[PDB]
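> Provided herewith: input_4.txt, compact mmCIF, N, CA and C atoms.
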```txt
# COMPACT_ATOMS: atom_id res chain seq x y z
N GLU O 1 -87.92 17.40 -8.60
CA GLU O 1 -88.56 16.40 -9.49
C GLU O 1 -88.05 16.53 -10.92
N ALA O 2 -88.21 17.72 -11.49
CA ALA O 2 -87.77 17.98 -12.86
C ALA O 2 -86.39 18.62 -12.88
N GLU O 3 -86.08 19.38 -11.83
CA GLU O 3 -84.79 20.05 -11.73
C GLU O 3 -83.81 19.23 -10.90
N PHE O 4 -84.29 18.72 -9.77
CA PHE O 4 -83.45 17.91 -8.88
C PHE O 4 -83.52 16.44 -9.26
N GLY O 5 -82.40 15.90 -9.73
CA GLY O 5 -82.35 14.51 -10.12
C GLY O 5 -80.96 14.07 -10.54
N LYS O 6 -79.95 14.82 -10.12
CA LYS O 6 -78.57 14.50 -10.45
C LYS O 6 -78.25 13.06 -10.08
N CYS O 7 -77.69 12.33 -11.03
CA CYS O 7 -77.34 10.94 -10.82
C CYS O 7 -75.98 10.82 -10.14
N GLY O 8 -75.62 9.58 -9.82
CA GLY O 8 -74.35 9.32 -9.16
C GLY O 8 -73.37 8.61 -10.08
N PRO O 9 -72.46 7.80 -9.52
CA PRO O 9 -71.49 7.06 -10.33
C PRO O 9 -72.19 6.08 -11.27
N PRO O 10 -71.80 6.05 -12.55
CA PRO O 10 -72.41 5.17 -13.54
C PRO O 10 -71.92 3.72 -13.43
N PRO O 11 -72.84 2.75 -13.32
CA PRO O 11 -72.48 1.33 -13.23
C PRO O 11 -71.60 0.89 -14.40
N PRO O 12 -70.62 0.01 -14.14
CA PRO O 12 -69.70 -0.49 -15.16
C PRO O 12 -70.14 -1.80 -15.79
N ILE O 13 -69.36 -2.26 -16.77
CA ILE O 13 -69.62 -3.51 -17.46
C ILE O 13 -68.78 -4.62 -16.86
N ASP O 14 -68.81 -5.80 -17.47
CA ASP O 14 -68.01 -6.92 -16.99
C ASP O 14 -66.54 -6.58 -17.17
N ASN O 15 -65.96 -5.95 -16.16
CA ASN O 15 -64.56 -5.53 -16.20
C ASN O 15 -64.41 -4.29 -17.08
N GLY O 16 -65.54 -3.62 -17.33
CA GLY O 16 -65.54 -2.42 -18.15
C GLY O 16 -65.55 -1.15 -17.33
N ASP O 17 -65.96 -0.04 -17.96
CA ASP O 17 -66.00 1.28 -17.31
C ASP O 17 -66.03 2.38 -18.35
N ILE O 18 -66.34 3.60 -17.91
CA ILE O 18 -66.40 4.73 -18.82
C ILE O 18 -65.10 4.88 -19.59
N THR O 19 -65.19 5.43 -20.80
CA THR O 19 -64.03 5.61 -21.65
C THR O 19 -63.08 6.67 -21.11
N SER O 20 -63.38 7.19 -19.92
CA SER O 20 -62.54 8.21 -19.30
C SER O 20 -62.12 7.80 -17.89
N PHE O 21 -62.88 8.25 -16.90
CA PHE O 21 -62.59 7.93 -15.51
C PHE O 21 -63.85 8.06 -14.66
N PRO O 22 -64.31 6.95 -14.05
CA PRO O 22 -65.52 6.93 -13.23
C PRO O 22 -65.79 8.23 -12.48
N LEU O 23 -67.03 8.70 -12.55
CA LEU O 23 -67.44 9.93 -11.88
C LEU O 23 -68.26 9.61 -10.64
N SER O 24 -68.19 10.47 -9.63
CA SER O 24 -68.96 10.27 -8.41
C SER O 24 -70.29 10.99 -8.53
N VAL O 25 -70.24 12.21 -9.03
CA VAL O 25 -71.44 13.01 -9.24
C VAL O 25 -71.61 13.31 -10.72
N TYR O 26 -72.69 12.82 -11.30
CA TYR O 26 -72.94 13.01 -12.72
C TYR O 26 -74.15 13.90 -12.96
N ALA O 27 -74.21 14.46 -14.16
CA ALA O 27 -75.32 15.32 -14.54
C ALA O 27 -76.55 14.48 -14.87
N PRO O 28 -77.76 14.97 -14.56
CA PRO O 28 -79.00 14.24 -14.82
C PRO O 28 -79.29 14.10 -16.31
N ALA O 29 -79.79 12.93 -16.70
CA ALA O 29 -80.13 12.65 -18.10
C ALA O 29 -78.89 12.69 -18.99
N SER O 30 -77.71 12.62 -18.38
CA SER O 30 -76.46 12.64 -19.14
C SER O 30 -76.05 11.23 -19.55
N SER O 31 -75.37 11.13 -20.69
CA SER O 31 -74.91 9.84 -21.20
C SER O 31 -73.45 9.90 -21.61
N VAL O 32 -72.77 8.76 -21.54
CA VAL O 32 -71.37 8.68 -21.92
C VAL O 32 -71.04 7.33 -22.56
N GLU O 33 -69.87 7.27 -23.18
CA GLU O 33 -69.41 6.06 -23.84
C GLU O 33 -68.63 5.17 -22.87
N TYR O 34 -68.78 3.86 -23.03
CA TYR O 34 -68.09 2.92 -22.16
C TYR O 34 -67.11 2.06 -22.94
N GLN O 35 -66.18 1.47 -22.20
CA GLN O 35 -65.16 0.60 -22.77
C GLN O 35 -64.62 -0.34 -21.70
N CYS O 36 -64.06 -1.46 -22.12
CA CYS O 36 -63.51 -2.43 -21.18
C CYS O 36 -62.00 -2.28 -21.06
N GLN O 37 -61.48 -2.54 -19.87
CA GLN O 37 -60.05 -2.43 -19.62
C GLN O 37 -59.27 -3.34 -20.57
N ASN O 38 -57.95 -3.14 -20.62
CA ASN O 38 -57.10 -3.94 -21.49
C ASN O 38 -57.67 -4.00 -22.91
N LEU O 39 -57.27 -5.01 -23.66
CA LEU O 39 -57.74 -5.18 -25.03
C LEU O 39 -59.19 -5.67 -25.07
N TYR O 40 -59.85 -5.69 -23.92
CA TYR O 40 -61.24 -6.13 -23.85
C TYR O 40 -62.15 -5.19 -24.63
N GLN O 41 -63.03 -5.76 -25.44
CA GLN O 41 -63.96 -4.97 -26.24
C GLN O 41 -65.39 -5.44 -26.00
N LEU O 42 -66.21 -4.59 -25.38
CA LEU O 42 -67.59 -4.95 -25.09
C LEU O 42 -68.43 -5.04 -26.35
N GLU O 43 -69.74 -5.03 -26.16
CA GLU O 43 -70.69 -5.12 -27.27
C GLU O 43 -72.11 -4.87 -26.78
N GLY O 44 -72.81 -3.97 -27.46
CA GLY O 44 -74.17 -3.65 -27.09
C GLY O 44 -74.42 -2.15 -27.10
N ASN O 45 -74.44 -1.55 -25.91
CA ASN O 45 -74.67 -0.12 -25.79
C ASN O 45 -73.74 0.51 -24.75
N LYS O 46 -72.47 0.66 -25.11
CA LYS O 46 -71.48 1.26 -24.22
C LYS O 46 -71.95 2.65 -23.78
N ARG O 47 -72.94 3.18 -24.49
CA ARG O 47 -73.50 4.48 -24.17
C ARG O 47 -74.63 4.35 -23.15
N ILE O 48 -74.33 4.64 -21.90
CA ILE O 48 -75.32 4.55 -20.83
C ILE O 48 -75.80 5.94 -20.42
N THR O 49 -77.04 6.01 -19.94
CA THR O 49 -77.63 7.28 -19.52
C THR O 49 -78.36 7.13 -18.19
N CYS O 50 -78.10 8.05 -17.27
CA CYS O 50 -78.75 8.01 -15.97
C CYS O 50 -80.13 8.65 -16.03
N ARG O 51 -81.08 8.01 -15.36
CA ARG O 51 -82.45 8.50 -15.32
C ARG O 51 -82.91 8.70 -13.88
N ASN O 52 -83.35 9.92 -13.57
CA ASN O 52 -83.81 10.26 -12.23
C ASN O 52 -82.86 9.72 -11.16
N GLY O 53 -81.61 10.17 -11.23
CA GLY O 53 -80.61 9.74 -10.27
C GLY O 53 -80.43 8.23 -10.23
N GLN O 54 -80.67 7.57 -11.36
CA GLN O 54 -80.52 6.12 -11.44
C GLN O 54 -80.06 5.69 -12.83
N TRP O 55 -78.75 5.50 -12.98
CA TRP O 55 -78.17 5.09 -14.26
C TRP O 55 -78.75 3.78 -14.78
N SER O 56 -78.10 3.28 -15.83
CA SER O 56 -78.46 2.02 -16.46
C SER O 56 -77.31 1.03 -16.30
N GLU O 57 -77.25 0.05 -17.19
CA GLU O 57 -76.20 -0.95 -17.14
C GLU O 57 -75.50 -1.07 -18.50
N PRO O 58 -74.17 -0.86 -18.55
CA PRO O 58 -73.41 -0.96 -19.80
C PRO O 58 -73.67 -2.28 -20.53
N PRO O 59 -73.17 -2.42 -21.77
CA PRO O 59 -73.36 -3.63 -22.58
C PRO O 59 -72.69 -4.86 -21.96
N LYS O 60 -71.84 -5.53 -22.74
CA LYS O 60 -71.16 -6.72 -22.26
C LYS O 60 -69.75 -6.81 -22.85
N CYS O 61 -68.76 -6.98 -21.97
CA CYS O 61 -67.37 -7.07 -22.40
C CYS O 61 -67.06 -8.41 -23.04
N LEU O 62 -66.23 -8.38 -24.08
CA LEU O 62 -65.83 -9.59 -24.79
C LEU O 62 -64.33 -9.80 -24.66
N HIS O 63 -63.93 -10.94 -24.11
CA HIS O 63 -62.51 -11.26 -23.95
C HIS O 63 -61.75 -10.88 -25.21
N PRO O 64 -60.62 -10.16 -25.06
CA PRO O 64 -59.82 -9.70 -26.20
C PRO O 64 -59.35 -10.84 -27.10
N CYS O 65 -58.62 -10.47 -28.14
CA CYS O 65 -58.10 -11.44 -29.09
C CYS O 65 -56.88 -12.16 -28.53
N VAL O 66 -57.09 -12.88 -27.44
CA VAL O 66 -56.01 -13.62 -26.80
C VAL O 66 -56.09 -15.10 -27.14
N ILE O 67 -55.47 -15.47 -28.25
CA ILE O 67 -55.46 -16.86 -28.68
C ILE O 67 -54.28 -17.59 -28.05
N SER O 68 -54.12 -18.87 -28.38
CA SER O 68 -53.01 -19.65 -27.83
C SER O 68 -51.69 -19.33 -28.53
N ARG O 69 -50.67 -19.03 -27.74
CA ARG O 69 -49.34 -18.71 -28.27
C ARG O 69 -48.43 -19.93 -28.18
N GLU O 70 -48.91 -20.97 -27.52
CA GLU O 70 -48.14 -22.19 -27.36
C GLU O 70 -48.62 -23.27 -28.33
N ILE O 71 -49.52 -22.89 -29.23
CA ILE O 71 -50.04 -23.82 -30.22
C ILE O 71 -49.89 -23.25 -31.63
N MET O 72 -50.24 -21.98 -31.81
CA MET O 72 -50.11 -21.34 -33.11
C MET O 72 -48.64 -21.22 -33.47
N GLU O 73 -47.94 -20.38 -32.73
CA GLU O 73 -46.51 -20.17 -32.95
C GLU O 73 -45.73 -21.43 -32.55
N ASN O 74 -46.47 -22.49 -32.21
CA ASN O 74 -45.86 -23.74 -31.78
C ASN O 74 -45.54 -24.67 -32.95
N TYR O 75 -46.56 -25.35 -33.49
CA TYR O 75 -46.33 -26.29 -34.59
C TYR O 75 -45.75 -25.61 -35.82
N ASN O 76 -46.46 -24.63 -36.39
CA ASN O 76 -45.97 -23.96 -37.59
C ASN O 76 -46.94 -22.91 -38.13
N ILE O 77 -47.50 -22.06 -37.27
CA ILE O 77 -48.40 -21.01 -37.74
C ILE O 77 -48.23 -19.73 -36.92
N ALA O 78 -48.47 -18.59 -37.56
CA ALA O 78 -48.35 -17.30 -36.90
C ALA O 78 -49.38 -16.31 -37.44
N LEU O 79 -49.02 -15.04 -37.48
CA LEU O 79 -49.91 -14.00 -37.99
C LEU O 79 -49.56 -13.66 -39.44
N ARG O 80 -50.41 -12.86 -40.08
CA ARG O 80 -50.17 -12.46 -41.46
C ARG O 80 -48.95 -11.55 -41.56
N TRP O 81 -48.38 -11.23 -40.40
CA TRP O 81 -47.21 -10.38 -40.33
C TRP O 81 -45.98 -11.21 -40.00
N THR O 82 -46.21 -12.44 -39.55
CA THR O 82 -45.13 -13.35 -39.18
C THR O 82 -44.08 -12.65 -38.34
N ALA O 83 -44.37 -12.47 -37.05
CA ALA O 83 -43.44 -11.80 -36.14
C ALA O 83 -43.45 -12.44 -34.76
N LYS O 84 -43.63 -13.76 -34.72
CA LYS O 84 -43.66 -14.50 -33.46
C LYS O 84 -44.89 -14.14 -32.66
N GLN O 85 -45.84 -15.07 -32.63
CA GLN O 85 -47.09 -14.87 -31.91
C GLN O 85 -47.95 -13.83 -32.61
N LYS O 86 -47.87 -12.58 -32.15
CA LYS O 86 -48.66 -11.50 -32.74
C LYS O 86 -50.13 -11.92 -32.82
N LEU O 87 -50.49 -12.90 -32.01
CA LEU O 87 -51.85 -13.44 -31.98
C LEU O 87 -52.75 -12.65 -31.03
N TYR O 88 -52.32 -11.46 -30.65
CA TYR O 88 -53.11 -10.63 -29.74
C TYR O 88 -53.67 -9.40 -30.44
N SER O 89 -54.93 -9.09 -30.13
CA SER O 89 -55.61 -7.93 -30.72
C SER O 89 -56.76 -7.47 -29.83
N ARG O 90 -57.53 -6.52 -30.34
CA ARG O 90 -58.69 -6.00 -29.62
C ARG O 90 -59.95 -6.60 -30.22
N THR O 91 -60.68 -7.37 -29.43
CA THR O 91 -61.90 -8.02 -29.90
C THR O 91 -62.64 -7.13 -30.89
N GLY O 92 -62.69 -7.59 -32.14
CA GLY O 92 -63.34 -6.83 -33.17
C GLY O 92 -62.44 -6.61 -34.36
N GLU O 93 -61.14 -6.86 -34.17
CA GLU O 93 -60.17 -6.69 -35.24
C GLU O 93 -59.90 -8.01 -35.95
N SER O 94 -59.59 -7.93 -37.24
CA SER O 94 -59.30 -9.11 -38.04
C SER O 94 -57.94 -9.68 -37.68
N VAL O 95 -57.87 -11.00 -37.56
CA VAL O 95 -56.62 -11.67 -37.22
C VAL O 95 -56.36 -12.84 -38.16
N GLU O 96 -55.57 -12.59 -39.20
CA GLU O 96 -55.25 -13.62 -40.18
C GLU O 96 -53.97 -14.37 -39.80
N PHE O 97 -54.11 -15.67 -39.57
CA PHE O 97 -52.98 -16.51 -39.21
C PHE O 97 -52.37 -17.14 -40.46
N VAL O 98 -51.06 -17.32 -40.45
CA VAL O 98 -50.37 -17.93 -41.58
C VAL O 98 -49.94 -19.35 -41.24
N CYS O 99 -49.62 -20.14 -42.26
CA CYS O 99 -49.20 -21.52 -42.05
C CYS O 99 -47.69 -21.64 -42.04
N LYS O 100 -47.02 -20.54 -41.70
CA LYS O 100 -45.57 -20.51 -41.67
C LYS O 100 -45.00 -20.92 -43.02
N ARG O 101 -44.57 -19.92 -43.79
CA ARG O 101 -44.00 -20.12 -45.12
C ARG O 101 -43.45 -21.53 -45.30
N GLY O 102 -44.22 -22.38 -45.96
CA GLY O 102 -43.79 -23.75 -46.19
C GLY O 102 -44.87 -24.77 -45.87
N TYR O 103 -45.34 -24.76 -44.62
CA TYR O 103 -46.37 -25.70 -44.18
C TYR O 103 -47.72 -25.37 -44.82
N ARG O 104 -48.45 -26.41 -45.20
CA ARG O 104 -49.76 -26.25 -45.82
C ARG O 104 -50.86 -26.82 -44.94
N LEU O 105 -51.97 -26.08 -44.84
CA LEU O 105 -53.12 -26.50 -44.03
C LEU O 105 -53.27 -28.02 -44.02
N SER O 106 -53.43 -28.58 -42.83
CA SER O 106 -53.58 -30.02 -42.67
C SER O 106 -55.02 -30.46 -42.91
N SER O 107 -55.82 -29.54 -43.47
CA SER O 107 -57.23 -29.81 -43.76
C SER O 107 -58.08 -29.79 -42.49
N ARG O 108 -57.69 -30.59 -41.51
CA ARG O 108 -58.41 -30.66 -40.24
C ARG O 108 -58.40 -29.31 -39.54
N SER O 109 -57.55 -28.41 -40.03
CA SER O 109 -57.44 -27.07 -39.46
C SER O 109 -58.75 -26.30 -39.61
N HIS O 110 -58.82 -25.13 -39.00
CA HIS O 110 -60.02 -24.30 -39.06
C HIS O 110 -59.90 -23.25 -40.17
N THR O 111 -59.51 -22.03 -39.79
CA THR O 111 -59.36 -20.95 -40.76
C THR O 111 -58.15 -20.08 -40.45
N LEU O 112 -57.58 -19.48 -41.49
CA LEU O 112 -56.43 -18.60 -41.33
C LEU O 112 -56.90 -17.20 -40.96
N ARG O 113 -57.61 -16.57 -41.89
CA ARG O 113 -58.12 -15.22 -41.67
C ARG O 113 -59.51 -15.27 -41.07
N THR O 114 -59.69 -14.57 -39.95
CA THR O 114 -60.98 -14.55 -39.27
C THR O 114 -61.10 -13.31 -38.39
N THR O 115 -62.02 -13.38 -37.43
CA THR O 115 -62.25 -12.28 -36.51
C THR O 115 -62.18 -12.76 -35.07
N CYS O 116 -61.42 -12.05 -34.26
CA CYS O 116 -61.28 -12.41 -32.86
C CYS O 116 -62.47 -11.90 -32.06
N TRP O 117 -62.87 -12.67 -31.06
CA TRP O 117 -64.01 -12.31 -30.23
C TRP O 117 -64.13 -13.25 -29.04
N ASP O 118 -64.47 -12.69 -27.88
CA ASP O 118 -64.61 -13.47 -26.65
C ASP O 118 -63.43 -14.42 -26.44
N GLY O 119 -62.32 -14.13 -27.11
CA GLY O 119 -61.13 -14.96 -26.98
C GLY O 119 -61.16 -16.19 -27.86
N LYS O 120 -61.53 -16.02 -29.13
CA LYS O 120 -61.59 -17.13 -30.07
C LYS O 120 -61.29 -16.65 -31.48
N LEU O 121 -60.51 -17.44 -32.21
CA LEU O 121 -60.14 -17.09 -33.58
C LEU O 121 -60.07 -18.31 -34.48
N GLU O 122 -60.36 -19.47 -33.92
CA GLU O 122 -60.32 -20.72 -34.68
C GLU O 122 -58.97 -20.87 -35.36
N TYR O 123 -57.94 -21.15 -34.57
CA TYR O 123 -56.59 -21.31 -35.10
C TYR O 123 -56.42 -22.63 -35.83
N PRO O 124 -55.86 -22.57 -37.05
CA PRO O 124 -55.62 -23.76 -37.89
C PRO O 124 -54.53 -24.66 -37.31
N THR O 125 -53.72 -25.23 -38.19
CA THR O 125 -52.63 -26.12 -37.80
C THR O 125 -51.53 -26.08 -38.85
N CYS O 126 -51.91 -26.44 -40.07
CA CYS O 126 -50.99 -26.42 -41.20
C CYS O 126 -49.83 -27.39 -41.00
N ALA O 127 -49.29 -27.89 -42.11
CA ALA O 127 -48.18 -28.84 -42.07
C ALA O 127 -47.56 -29.05 -43.44
N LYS O 128 -46.23 -28.95 -43.49
CA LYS O 128 -45.46 -29.14 -44.72
C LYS O 128 -44.03 -28.65 -44.54
N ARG O 129 -43.69 -27.58 -45.25
CA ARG O 129 -42.36 -26.99 -45.20
C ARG O 129 -41.27 -28.06 -45.14
```
Here is the file; what I need is its structure written in the form of structure tokens.


Amino acid sequence: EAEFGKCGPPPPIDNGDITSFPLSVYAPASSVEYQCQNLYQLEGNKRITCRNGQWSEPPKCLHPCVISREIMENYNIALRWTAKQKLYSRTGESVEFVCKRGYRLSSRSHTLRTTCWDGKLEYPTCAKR
């Protein structure tokens, strides 16, 4: 009851999992950090803890900073580093898009510098050069 209660494998997130490697036999009342595969970045409580041989449920994974590469680097916009696309990051990192030295925001555009999350960055358009 108090001594016997070792938990089992800890439940994963939406395409997530422990920041190490899934365990089959875990220590009771033990907790660990979670993370999502690839550039996927969850949100909530990646730190899960098993209770009486019954874990909890990790937070929620957020689609990485995967914006459109056929639209940004297409018309005339890229990253603040200007290196072809470079529109990929880990959900939670800042992603500043440029209007390609020359072209100026077409107004109807969204924003240059922003934050990627769930696969969204509000890519502008820009026009000039």

> Would you return as a PyMOL selection string the members of chain O that DSSP assigns to strand (DSSP E or B) on this structure's backbone?

chain O and resi 16-18+31-32+34-36+41-43+48-49+51+54+60-62+65-66+78-79+88-89+94-98+103-104+113-115+117+120+127-128

> Given the choices O:126, O:116, O:87, O:27, which gets closest to residue 51 (chain O) if the distance is worked out from all atoms listed in the file?

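Among O:126, O:116, O:87, O:27, it is O:27 that comes nearest to residue 51 (chain O).
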
> So that I can see what lies close to residue 81 (chain O), please list as a list in words the residues with an atom at most 9 Å from it, counting only C-alpha atoms and leaving out residues fewer than 3 positions away in the same chain.

residues 78, 84, 86, 96, 97 and 98 of chain O

> When you count all atoms listed in the file, which of these residues is closest to residue 67 (chain O): O:88, O:55, O:21, O:34?

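Looking at the shortest contact to residue 67 (chain O), the residue is O:88.
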
> One decimal, Å: what's the distance from CA of residue 104 (chain O) over to CA of residue 122 (chain O), could you say?

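Atom-to-atom, CA of residue 104 (chain O) to CA of residue 122 (chain O), that is 16.3 Å.
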
> Will you model N, CA, C and O atoms for region 35-59 of chain O and pass it back as a PDB file, in the frame of the given file?


```pdb
ATOM      1  N   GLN O  35     -66.180   1.470 -22.200  1.00  0.00           N
ATOM      2  CA  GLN O  35     -65.160   0.600 -22.770  1.00  0.00           C
ATOM      3  C   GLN O  35     -64.620  -0.340 -21.700  1.00  0.00           C
ATOM      4  O   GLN O  35     -64.704  -0.041 -20.503  1.00  0.00           O
ATOM      5  N   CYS O  36     -64.060  -1.460 -22.120  1.00  0.00           N
ATOM      6  CA  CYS O  36     -63.510  -2.430 -21.180  1.00  0.00           C
ATOM      7  C   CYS O  36     -62.000  -2.280 -21.060  1.00  0.00           C
ATOM      8  O   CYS O  36     -61.326  -1.940 -22.029  1.00  0.00           O
ATOM      9  N   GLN O  37     -61.480  -2.540 -19.870  1.00  0.00           N
ATOM     10  CA  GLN O  37     -60.050  -2.430 -19.620  1.00  0.00           C
ATOM     11  C   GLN O  37     -59.270  -3.340 -20.570  1.00  0.00           C
ATOM     12  O   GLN O  37     -59.845  -4.196 -21.234  1.00  0.00           O
ATOM     13  N   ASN O  38     -57.950  -3.140 -20.620  1.00  0.00           N
ATOM     14  CA  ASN O  38     -57.100  -3.940 -21.490  1.00  0.00           C
ATOM     15  C   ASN O  38     -57.670  -4.000 -22.910  1.00  0.00           C
ATOM     16  O   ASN O  38     -58.465  -3.138 -23.302  1.00  0.00           O
ATOM     17  N   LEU O  39     -57.270  -5.010 -23.660  1.00  0.00           N
ATOM     18  CA  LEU O  39     -57.740  -5.180 -25.030  1.00  0.00           C
ATOM     19  C   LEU O  39     -59.190  -5.670 -25.070  1.00  0.00           C
ATOM     20  O   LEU O  39     -59.699  -6.023 -26.136  1.00  0.00           O
ATOM     21  N   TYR O  40     -59.850  -5.690 -23.920  1.00  0.00           N
ATOM     22  CA  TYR O  40     -61.240  -6.130 -23.850  1.00  0.00           C
ATOM     23  C   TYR O  40     -62.150  -5.190 -24.630  1.00  0.00           C
ATOM     24  O   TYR O  40     -62.056  -3.970 -24.494  1.00  0.00           O
ATOM     25  N   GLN O  41     -63.030  -5.760 -25.440  1.00  0.00           N
ATOM     26  CA  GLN O  41     -63.960  -4.970 -26.240  1.00  0.00           C
ATOM     27  C   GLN O  41     -65.390  -5.440 -26.000  1.00  0.00           C
ATOM     28  O   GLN O  41     -65.756  -6.552 -26.379  1.00  0.00           O
ATOM     29  N   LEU O  42     -66.210  -4.590 -25.380  1.00  0.00           N
ATOM     30  CA  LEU O  42     -67.590  -4.950 -25.090  1.00  0.00           C
ATOM     31  C   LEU O  42     -68.430  -5.040 -26.350  1.00  0.00           C
ATOM     32  O   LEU O  42     -67.906  -5.127 -27.463  1.00  0.00           O
ATOM     33  N   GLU O  43     -69.740  -5.030 -26.160  1.00  0.00           N
ATOM     34  CA  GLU O  43     -70.690  -5.120 -27.270  1.00  0.00           C
ATOM     35  C   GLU O  43     -72.110  -4.870 -26.780  1.00  0.00           C
ATOM     36  O   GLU O  43     -72.552  -5.471 -25.803  1.00  0.00           O
ATOM     37  N   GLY O  44     -72.810  -3.970 -27.460  1.00  0.00           N
ATOM     38  CA  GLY O  44     -74.170  -3.650 -27.090  1.00  0.00           C
ATOM     39  C   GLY O  44     -74.420  -2.150 -27.100  1.00  0.00           C
ATOM     40  O   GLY O  44     -74.591  -1.551 -28.157  1.00  0.00           O
ATOM     41  N   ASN O  45     -74.440  -1.550 -25.910  1.00  0.00           N
ATOM     42  CA  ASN O  45     -74.670  -0.120 -25.790  1.00  0.00           C
ATOM     43  C   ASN O  45     -73.740   0.510 -24.750  1.00  0.00           C
ATOM     44  O   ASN O  45     -74.166   0.852 -23.649  1.00  0.00           O
ATOM     45  N   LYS O  46     -72.470   0.660 -25.110  1.00  0.00           N
ATOM     46  CA  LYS O  46     -71.480   1.260 -24.220  1.00  0.00           C
ATOM     47  C   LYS O  46     -71.950   2.650 -23.780  1.00  0.00           C
ATOM     48  O   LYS O  46     -71.414   3.226 -22.833  1.00  0.00           O
ATOM     49  N   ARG O  47     -72.940   3.180 -24.490  1.00  0.00           N
ATOM     50  CA  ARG O  47     -73.500   4.480 -24.170  1.00  0.00           C
ATOM     51  C   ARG O  47     -74.630   4.350 -23.150  1.00  0.00           C
ATOM     52  O   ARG O  47     -75.751   3.981 -23.502  1.00  0.00           O
ATOM     53  N   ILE O  48     -74.330   4.640 -21.900  1.00  0.00           N
ATOM     54  CA  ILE O  48     -75.320   4.550 -20.830  1.00  0.00           C
ATOM     55  C   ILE O  48     -75.800   5.940 -20.420  1.00  0.00           C
ATOM     56  O   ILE O  48     -75.070   6.917 -20.532  1.00  0.00           O
ATOM     57  N   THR O  49     -77.040   6.010 -19.940  1.00  0.00           N
ATOM     58  CA  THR O  49     -77.630   7.280 -19.520  1.00  0.00           C
ATOM     59  C   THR O  49     -78.360   7.130 -18.190  1.00  0.00           C
ATOM     60  O   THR O  49     -79.156   6.209 -18.014  1.00  0.00           O
ATOM     61  N   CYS O  50     -78.100   8.050 -17.270  1.00  0.00           N
ATOM     62  CA  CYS O  50     -78.750   8.010 -15.970  1.00  0.00           C
ATOM     63  C   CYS O  50     -80.130   8.650 -16.030  1.00  0.00           C
ATOM     64  O   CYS O  50     -80.328   9.677 -16.673  1.00  0.00           O
ATOM     65  N   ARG O  51     -81.080   8.010 -15.360  1.00  0.00           N
ATOM     66  CA  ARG O  51     -82.450   8.500 -15.320  1.00  0.00           C
ATOM     67  C   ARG O  51     -82.910   8.700 -13.880  1.00  0.00           C
ATOM     68  O   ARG O  51     -82.854   7.770 -13.075  1.00  0.00           O
ATOM     69  N   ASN O  52     -83.350   9.920 -13.570  1.00  0.00           N
ATOM     70  CA  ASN O  52     -83.810  10.260 -12.230  1.00  0.00           C
ATOM     71  C   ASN O  52     -82.860   9.720 -11.160  1.00  0.00           C
ATOM     72  O   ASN O  52     -83.248   8.928 -10.307  1.00  0.00           O
ATOM     73  N   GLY O  53     -81.610  10.170 -11.230  1.00  0.00           N
ATOM     74  CA  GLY O  53     -80.610   9.740 -10.270  1.00  0.00           C
ATOM     75  C   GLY O  53     -80.430   8.230 -10.230  1.00  0.00           C
ATOM     76  O   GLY O  53     -80.067   7.673  -9.194  1.00  0.00           O
ATOM     77  N   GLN O  54     -80.670   7.570 -11.360  1.00  0.00           N
ATOM     78  CA  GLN O  54     -80.520   6.120 -11.440  1.00  0.00           C
ATOM     79  C   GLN O  54     -80.060   5.690 -12.830  1.00  0.00           C
ATOM     80  O   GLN O  54     -80.872   5.530 -13.738  1.00  0.00           O
ATOM     81  N   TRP O  55     -78.750   5.500 -12.980  1.00  0.00           N
ATOM     82  CA  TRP O  55     -78.170   5.090 -14.260  1.00  0.00           C
ATOM     83  C   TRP O  55     -78.750   3.780 -14.780  1.00  0.00           C
ATOM     84  O   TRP O  55     -79.726   3.245 -14.260  1.00  0.00           O
ATOM     85  N   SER O  56     -78.100   3.280 -15.830  1.00  0.00           N
ATOM     86  CA  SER O  56     -78.460   2.020 -16.460  1.00  0.00           C
ATOM     87  C   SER O  56     -77.310   1.030 -16.300  1.00  0.00           C
ATOM     88  O   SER O  56     -76.494   1.160 -15.394  1.00  0.00           O
ATOM     89  N   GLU O  57     -77.250   0.050 -17.190  1.00  0.00           N
ATOM     90  CA  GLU O  57     -76.200  -0.950 -17.140  1.00  0.00           C
ATOM     91  C   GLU O  57     -75.500  -1.070 -18.500  1.00  0.00           C
ATOM     92  O   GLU O  57     -76.153  -1.354 -19.504  1.00  0.00           O
ATOM     93  N   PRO O  58     -74.170  -0.860 -18.550  1.00  0.00           N
ATOM     94  CA  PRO O  58     -73.410  -0.960 -19.800  1.00  0.00           C
ATOM     95  C   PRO O  58     -73.670  -2.280 -20.530  1.00  0.00           C
ATOM     96  O   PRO O  58     -74.318  -3.182 -19.987  1.00  0.00           O
ATOM     97  N   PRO O  59     -73.170  -2.420 -21.770  1.00  0.00           N
ATOM     98  CA  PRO O  59     -73.360  -3.630 -22.580  1.00  0.00           C
ATOM     99  C   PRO O  59     -72.690  -4.860 -21.960  1.00  0.00           C
ATOM    100  O   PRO O  59     -72.947  -5.196 -20.807  1.00  0.00           O
TER     101      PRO O  59
END
```
